[PDB]
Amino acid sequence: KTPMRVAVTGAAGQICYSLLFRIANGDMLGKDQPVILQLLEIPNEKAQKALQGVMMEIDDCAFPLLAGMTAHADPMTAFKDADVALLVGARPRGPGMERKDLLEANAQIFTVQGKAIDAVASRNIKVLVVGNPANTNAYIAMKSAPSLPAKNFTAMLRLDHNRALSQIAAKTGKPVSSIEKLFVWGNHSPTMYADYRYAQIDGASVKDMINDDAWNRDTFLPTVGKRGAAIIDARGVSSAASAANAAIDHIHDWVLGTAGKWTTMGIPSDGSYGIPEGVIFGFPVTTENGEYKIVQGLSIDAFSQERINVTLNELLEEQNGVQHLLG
């Protein structure tokens, strides 16, 4: 079939090093879907030369699905006619750098990339933001792209989701693939709330199976929330490969469909569950025909409302801090 143009930022970085090869292999859009890769990196010579090196490796894999591949240093050419965009590039937090400094640095990246997408990308481009702060960066881009549909801007909560999945399987001794209806609410941060109240394994309640809510509060939630730190403490570096996998899972499920299965996607709130409209928030959704749908009717108990309130408040703090860059 006709090739899809996939734009990827931060292409000479670690996450992309595990990501690009899997997209070219056809893991993201199907083994029958040819892809064109439009890679973006900062204008600096060092980053551009490294991006050249990565492209050399991609050619050396002889991928039958790779219909084309170009390098860019300008978001205006990188996002040209893009059908899908994975915004992985972002400004990390260094020494002496405060939170306000982090938010502004990233705001200035995403307002520009958002405007670029608005101007030259496909009119119905699917956007996924991986770069941190994911949810907030997705909000800035969305706000910076008035001509595109807001529902097309998403943030990745899939890594939190898969990490939660892993812990449940390890706890129940059941295969990770048998777990259903598990999901995560909120911000991709330690304040995320992995909700296991509706999760089932073979039609049996995971919550009742474990029958120890103390485990839920003092073990399950804190472990998933701090998993990234655990990996950095063990390997010395970030969790690049699992983050790349989660990104593939996100786009794959969004475009191809979950077949009734529930999943987690950071999407713009339509007001469901008392979440202010516009706020990019983790919600349980099902997908079909390239569209998502928020699972309605879930009960929100006291504990859940408190966790939701915490993750929501962190998001409102981030939004307040970049508000001046918008407009």
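Position 1 is the first residue in the sequence shown; the rest follow in order.
The PDB entry reports B-factors from which the mean C-alpha value can be compared for 134 to 142 and 236 to 244; the larger average falls on 236 to 244.
Averaged over Cα atoms, the B-factor as recorded in the entry is higher for 90 to 98 than for the other of 219 to 227 and 90 to 98. Annotation for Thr172, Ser122, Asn162, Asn187: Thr172 ranks highest, by Cα B-factor. For the set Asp253, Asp83, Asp195, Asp213, the PDB entry assigns the largest Cα B-factor to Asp213. Ranked by Cα temperature factor within the chain, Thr287 sits in the middle third according to the deposited record.
Ranked against the other modelled residues of its chain, the C-alpha B-factor of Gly114 as given in the entry falls in the lowest third. Sort the modelled residues of the chain by CA B factor and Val310 lands in the highest third. Split the chain's modelled residues into thirds by C-alpha temperature factor. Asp301 is in the highest one.
Among all modelled residues in this chain, the alpha-carbon of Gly274 has a temperature factor (C-alpha) in the highest third.
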